[PDB]
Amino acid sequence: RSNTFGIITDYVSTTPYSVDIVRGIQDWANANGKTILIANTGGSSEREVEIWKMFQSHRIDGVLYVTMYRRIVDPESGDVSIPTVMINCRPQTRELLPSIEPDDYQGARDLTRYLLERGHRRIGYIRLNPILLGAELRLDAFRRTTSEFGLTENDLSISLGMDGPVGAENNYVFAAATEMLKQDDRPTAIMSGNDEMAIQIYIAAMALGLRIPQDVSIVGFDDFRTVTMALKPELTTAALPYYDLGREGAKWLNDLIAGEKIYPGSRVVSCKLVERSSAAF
């Protein structure tokens, strides 16, 4: 046993909004006497194969396969066999490896219900990049939760805010939010695909003389600290349990490495609704 865990990640050099998983892994590692080595594939199957080979060569005890955003994918390990736990992603092949992911659907559901229980009936939703699985699941939740409550597609204002390659998108959130807020039947609440996008929606609203809670409520998603605590009023959002995913994933890998009869399958960790002050009745 080298007591070294290897993390194979995909887009960490271009996606720094998921480092909290690493933070969770590292924190757990420091409390359990293990060292962590990180390798990035950049999304290349070729380089990934080579990385697995490298880890075998270095006698890594286990691997935490971590994706920057939620994905469904089978790792490309060639002929390498090392105990592995997937975090923030799920294998394409049923039960190929144990996995732990955040519940985008539940989070969006609870955030939508939050607004509904707060009197909002005309709700807007500006979509995160459609290529993202998480983006679509959050939208799926918004659509059904609002229908289950009674609102009709006619009470909603849904618009795309961006498209293109992740982390290099054609971004028009500000323009989309502006059009949405200038509508004759202006929504009273707007749900942002994620916290990052909320920055543009806050500016769009204020640029039209609207006061946040008072004139329009805004909620985000992720609890990306850099943003949520920068915006004023403080942004009410759904926190992706990244830190916990990392800590839980690491412990799980540790038990798997030590044997243990832990039925793999998939674990899904809930997203905590973080109530701040960007929404009003």
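Sequential numbering from 1, following the sequence displayed.
Taking the mean C-alpha B-factor of each stretch as recorded, 32-40 and 211-219 are not equal, and the higher mean is that of 211-219. Annotation for 225-233 versus 65-73: the higher mean temperature factor (C-alpha) is found in 225-233. Highest C-alpha temperature factor among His120, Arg109, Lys182, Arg90 per the entry: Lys182.
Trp252 sits in the middle third of its chain by CA B factor, as recorded in the PDB entry. Ranked against the other modelled residues of its chain, the C-alpha B-factor of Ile51 as given in the entry falls in the middle third. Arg127: CA B factor lies in the lowest third for its chain, per the PDB record. Ranked by Cα temperature factor within the chain, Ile262 sits in the highest third according to the deposited record. Ranked against the other modelled residues of its chain, the C-alpha B-factor of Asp103 as given in the entry falls in the middle third.
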